[PDB]
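Protein chains in written order, with this note's numbering: chain A, 55 to 613; chain B, 9 to 203; chain C, 55 to 613; chain D, 261 to 308. In this text, a Cβ means the ideal position worked out from N, Cα and C, and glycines have one as well. What follows is one structure encoded as C-alpha cells, with my remarks underneath.
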DNA sequence: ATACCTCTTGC
DNA sequence: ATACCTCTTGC
DNA sequence: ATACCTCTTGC
DNA sequence: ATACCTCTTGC
DNA sequence: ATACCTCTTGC
Ligand SMILES: [Mg+2]
Ligand SMILES: [Mg+2]
Ligand SMILES: [Mg+2]
Ligand SMILES: [Mg+2]
Ligand SMILES: [Mg+2]
Ligand SMILES: [Mg+2]
Ligand SMILES: [Mg+2]
Ligand SMILES: [Mg+2]
C-alpha cells in the first residue's frame, strides 16, 4: 500500500529526475527560396508506449499453413516461411502519413513539380518507466532507476525491414499515442510446392525441406550494435542523415505511343460545330507519305506509323514464379488506369493498401476489418490487354482468323487464358516512370538491393537510396528482475512487470520546386468540397480518418 | 501465436485471416495477403526460355541465361539451364595417369540462390477466384502448341525493369578470368564466361 | 501498501538517480594492420544479479566425506578439505566463452596462426538496489540510498581462485543475465589416507589430523582492500591491464619421432597405382648406412635410426600421488589422440569439461545432469602405451620372452598393470607444446606459482602471466539493517531483504597474426554443415547452446 | 582483395579438407595429379 | 646476396 | 585508473 | 525570450 | 552525432 | 544570340 518512496533528483546540464529533456514539435515548415525552390521541413513527434517483451529470448520459428495450400488450387495461399524473433522492437517512421497532414499534402501537390528528399534525423526523450503491482487494484509506480534500451543500427548490419509494408509504422496522429513493433526477420529455408487446380488428381508435392546450412545467418542486436541505456534523465539522439537519391516528380505523363510526334496533316476540316463533325486526313491510307517499321506494306496509319520508341511495356499476369523458397507474384511497374477501368477493371500493377485505425481507418469505427483502397496512378503508362493482338507477317488484310492471335483465343487449350497472360514486351526501347508516392500510406524511402545488377526502380517507394540508408532504430525494455533468479535454472525468468513511455521526435527534410503555368487551360488540382468535406474533420466524438490522395496531378509533355 | 515446446512440428501462427490482414499488394482485386501475394520492392532473378535456340545469319545457337538454378530440388541431376559445364584434358585437371581419351567433366552449381524452379511456376486468370478452376490457370503441366513435352515455361520470359541479379562467380580452376567486351553500341550487363 | 516515496535526483558530471552511467557493448572488433597483424578487441557486457549473502560472516568450515572413502578402493573419491567462506562474491570472467561467439572463434581459428593476449579492463555500472517486502504479495522497491560494495584486489593479496575450473564464470550469453559466485578459499589442513582395494582387510588409516598452525593464513577483504561503495549514481572502473605472457599458436604439429629428418632413399619404386604397390628401400636392414644410438647392432630401421631428440614423453597413469593433504592425480601435459582412440580409447591427458546451462548446455533441456565432453587436441604429441616395449640390451632377435617386457606382462603380480603404468621418459631431450585453448569452456589466462622453480606450462590455460595477473574482483551487498540491532547480542542480525543488479562490461584485447598458404593442398578449416547446423541457432523456443570447438587446426612443420 | 569479417553468430561455410577429398590434393605413388573443381562464393550476404 | 613456412631480417 | 600479499609499478 | 495563420519581428 | 554487415564515412 | 514547359544556361 506504499508510493515506493519518491526519489530525489540530482542535476546535470542535459538532464535529471524532474527535468524534461525534450521539446514537442510536430509542425511543418515551408521555406521559400530564390528561384522557386522550397525547403520543406517536417517535424513530427509522438508519444510512444512500449511493454516488456514476452520473453527475453531470440527464437527461431517456422510457420506452416500446409493445410490451407493442401487444398489444390490454393497455391497463392501459401504462407510458409522461417523467421527469427527478437525481443526487440522497431521504431519505424518511414511513411507519408507520419509526416504530413492533408493540408500539407495539398499544398505540395498542387504547387510543386518535383520533390527531393534531403535529410532526416530523430531523437528520443522524456523517458519514463513504471511498474505495475497488484482485490484487483492495479497500482503503478515509477521505477526511477530502471532503464530503457536503445540501439541504432547505423551500420545497417541488420536485414532491412521496412514496416510500412505491413502497416506498422507509427501512427499518423500527433495527438494520439502509438507504438513500435516487435522486431523479427526472415530466416532462411528451402521449400517446394507444385501448383495445381480444382480438377487436379492426388497430392502435388508440397513440402518444407529445411535449411541450407550455407544460406544461414543469425544476427543479434547485442552482438552488433551498441546499446544505450537511458534512465529518465537520459535522452538520446541520432545525428542527421543525408540522402543520396533521385528526385520524384509530381507530374504525370499522358501521351502513349499514339501521341508522339507530328500528327498527320488534315486536308479536310470541319465547317461547323458539333461532336460529329470530324476532320479528314484525306489521303488513301496506302498512299500517304511517311515512315514505318513495317517492310511489307504501304499502309500508314496512326497505328502503323513509326514511333521513336515505346512507352510502357507488357508483362505476364497474374504471374507466379518460384525459386528456392516458394512461389511469389511477379511484379509489374506500370499498373493500368484510365477510362476503361474505374477500380473495377482494377488489375495488375495497381497497388492496394490495407490498414488499421493507427493509419487512417476511422478511429471510431468498430470491428476489426481493415480499410482499404487501390491506388490508381494518373500516369497513363499501363496496358489494356484486351486491346492487344498479334498477326501474321504477311499482313494481308482485313485479316483472317488463321493469321491472328487474340486476347480471345485460348492458349494451351485453357479457356480463361490468352497470350496476353504470358506475354512480355519489355525491351531496349521501353521507357517509363517511377511509381508515384502514395499518401498517406506509402513508404517513403527504401534500401537498394545488394545485387550486382539492379532494378531500375522499386515499387514500394519512390525514393531508393543509392548508398546506405538510415539505420534502423530499436528499442526495448531492460529486464527488471525480482530477487529470485537462477540463470542456472531451466525455467523462464520472472521479471517485474515493467513498461515504458517516451517521446519521439523526428525531422525530415525535403526540397522541392514550385511549378509554373504553361498551358492556357488550367489544370487539375486537389481541393475540398461538399463531398469529401467530412473526411477532413473529426466527428462529434473525435472520430478521425485519413483518406488517401493522389500525387502526380499535373501533366507534362513526354515528348 | 507462438509455439510452446520444442519439436519440428510446432509451428507458429500468424493468427489472422488471410483476407483480413493489413499490408500491401500489387493485386487490385483481392483482399488476400499472403507470403506469396504480398508486395515486394522488386524482383530477384528472372525467367527465360529453354532450351532455346535462336538463329541468325549464321545458324542457330543456344540462348544463354545468366542465372542457372541450384538448391535442394536439384543435386546435379535436376541440373538444367544456366548451370555451366566444363570438360577437359590432363593438362587442365583430369587425372594425369588415367588412360583413355575421354574428357573429365563437371557442372558448376553456384551457391547463389537466384535461379528458378519452373515446375513451381504458374499463371492465372485475373479474376483470381479461388481455389482456382482448371479453365483459369495455366500450368507447367499443360501442354502448349499441343506438344506434350512443352509448357509455357519453356518460352516464358520475365526479365524487366524490376529484375535484379548478380554476376557469375568464378570457377576454379577451369574458369576464364577476364574477358573482352563487345563492340556494340549497347552492351550486356555481364558475360557468362568470366567475372 | 506504499511505493516508499519516490526520491529526487541531484546531478553531477559522471552521475545521479535517474542518470545512466554506462553503455552496453558486447561487440567484437577486428582491426587489420600492416603485415597481417590483427588487433582483436572483444567487448562484452552482462547484466549481473546478486543477492545479499547468507550471513555477514567469515566461516571456517571442514568438509568430511570420510564415509565414502571409508569404503576401501574408493581412494579417488576423497573430498576432504578445509576452507574459508566469505560473504563476498567473485566476479570471474576468465573463459573463452565470455568473450567470443562461435562466429568469432571461427574466424580466428581459421585465418590465424598465433595469438597474443594483450590487455584487459572492466567496469561496472547502472547500479541498482531494491528491497523486497511482503497474503503473499511480494513488493519490490528501490532503496535509493543503499549501496553495493566493491573491491578489487589489485595487489593480488588474496589467494587466486579462477572460477572456470568449476564452471562458475559468467554466462556466455549477452542477452541473458547472470551472476557472480560466492567466494571461498582453501584453508590449510593436515590429512592422511592409506590407499586400499576391494580385497583389502580391515581399516586403512584414514584421518583428518587438523591444522599445522605454521601453515595458517586467514585473509579478509576488509583488511586488505579498499572497498568502494556505489549507490545508483555511482559507477566504478578498473584501469587497463597489460599482460606479460607468451603467445599461443594456432597450429598443431604432427610429426613424431618417426617423421623427423631425411627419409631413406628407396632404391625401388612402384610402377602402377593401387594401394598395395609399395616402394622398397632395397637394402638389407643390416647393411644400410646411417646412424644410431645403439652400439651393438648393425640394424638400421625406421625405428632404430637416430633422431635428434624426442618429441613427447611418457608418464605414469593413472597416478595418484600424496602429500601433506591427501592424494591427487598426477597431471600430464600431452594427452593422446589419433586414429587409435575415438573418444573411447580416451585416456590420460585429455581433459574433460562439465557444465551447466549458463555455460553451454542447452538452455531448454530439463534435468540437472551436466553436459560434457572430452577435448581431444589435434597435436599428435601423446603416447600409445600399448605400442611400447622394452628389451634386453643384448638385442638378439627376433626376441625371446625372457628378454622383453611388454605392456602385456603384469607387474607386481597384478594382472591389470604393466610397466607403462609407472613408466616415465621425460628427460633432457624431451620436447613438446603447450596446451591449446578450449572454446568455449577453457580458462584463458592463469597465475603463475610462487615457487622458486616453475612449471614449464599449466594445463588449464594457455596463457600464464609471467608477472602479476589482474586482481580479482569482488562484490557484495552492503548490509541493510532494520531498526533493531544489537551487536552486543549473540543472535544473527536481521537485515532488510536486499538485493542488487548491475551491468558489467569488459574489454579484452588480443593481437594476432594472419596465416598464409604454404602447401599445395588446402587444409582443415572449421565450417558449418547440415550436421551441426543447428547447434548454432536458437530453437523455436529460444533454446540455445554452445558446443565445443577445436583450436589448432592447421599443421606446421616441426622440423 | 579484402578480408572479410564475422557478422553473425553462427559460423559459416568454409572450404576444407577431409577424409573424403583428401586425396584429391596429392599425387599418387606414380605422380598422378589432378585438380578438382571448387566453389567460390561461399559466404552469405544480406541482399536486403 | 640464406633469416625462423610468402611478399619481407623488406622498407 | 589492477602490477608480483601494505603504503607504492608511488615518488 | 509572444509580433500580424510557418520557418522568421529570423538573418 | 546514422554511412554501404566491425573497429572506421575513423584518422 | 536556342538550353531540358516562364522570367533565366540569367545573374
Ligand atoms: Mg559509427
Ligand atoms: Mg562501418
Ligand atoms: Mg548448399
Ligand atoms: Mg541455398
Ligand atoms: Mg594500487
Ligand atoms: Mg603493491
Ligand atoms: Mg609445523
Ligand atoms: Mg606444514
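First and last residue of the uninterrupted alpha helix (DSSP H) at residue i
| i | result |
| --- | --- |
| residue 157 of chain A | 156 to 165 |
| residue 121 of chain A | 120 to 124 |
| residue 276 of chain C | 275 to 278 |
| residue 243 of chain C | From DSSP, residue 243 of chain C is part of no alpha helix (DSSP H); its letter is neither H nor E. |
Selected residue, minimal CA-CA separation from residue i, among the options
| i | options | result |
| --- | --- | --- |
| residue 433 of chain A | A:531, A:117, A:608 | A:608 |
| residue 48 of chain B | A:604, A:509, A:298, A:605 | A:509 |
| residue 475 of chain C | C:368, C:550, C:572, C:494 | C:368 |
| residue 101 of chain B | D:300, D:284, D:275 | D:284 |
| residue 428 of chain C | C:603, C:155, C:73, C:246 | C:603 |
| residue 267 of chain A | D:266, D:289, D:274, D:281 | D:274 |
| residue 541 of chain A | C:225, C:310, C:279, C:557 | C:225 |
| residue 137 of chain B | A:172, A:251, A:157 | A:251 |
| residue 33 of chain B | A:255, A:456, A:407 | A:407 |
| residue 496 of chain A | A:296, A:405, A:356, A:468 | A:405 |
| residue 211 of chain C | C:592, C:400, C:239, C:113 | C:239 |
6 Å Cβ shell around residue i - same chain, five flanking residues per side excluded
| i | result |
| --- | --- |
| residue 403 of chain A | 386, 388, 389, 390, 436 |
| residue 460 of chain A | 443 |
| residue 204 of chain C | 282, 290, 529 |
| residue 597 of chain A | 416, 417, 418 |
| residue 511 of chain C | 488 |
With 16 other Cβ atoms within 10 Å as the buried cut-off, status of residue i
| i | result |
| --- | --- |
| residue 84 of chain B | exposed |
| residue 383 of chain A | buried |
| residue 146 of chain C | buried |
| residue 275 of chain C | buried |
| residue 197 of chain A | buried |
| residue 343 of chain C | exposed |
| residue 482 of chain C | exposed |
| residue 134 of chain A | buried |
| residue 159 of chain C | buried |
| residue 517 of chain A | buried |
| residue 116 of chain A | buried |
For residue i, the first and last residue of its enclosing beta strand (DSSP E)
| i | result |
| --- | --- |
| residue 375 of chain A | 373 to 377 |
| residue 142 of chain A | 135 to 144 |
| residue 91 of chain C | 91 to 105 |
7 Å Cβ shell around residue i - same chain, five flanking residues per side excluded
| i | result |
| --- | --- |
| residue 284 of chain A | 181, 201, 202, 204, 290 |
| residue 378 of chain C | 244 |
| residue 234 of chain A | 102, 104, 143, 144, 145, 529 |
| residue 270 of chain A | 242 |
Sequence-distant residues of its chain with Cβ nearer than 8 Å to residue i (five each side left out)
| i | result |
| --- | --- |
| residue 370 of chain C | 384, 475, 476, 477, 478 |
Quiz prompt | At least three beta-carbon pairs within less than 8 Å, the segment 214 to 222 of chain A to the segment 562 to 572 of chain A | solution = no
Quiz item: Would you call the segment 98 to 108 of chain C and the segment 81 to 94 of chain A in contact, with 3 or more CB pairs under 8 Å?
Solution: no
Quiz item: Does the segment 530 to 541 of chain C come close enough to the segment 300 to 311 of chain C to have 3 or more Cβ pairs within less than 8 Å?
Solution: no
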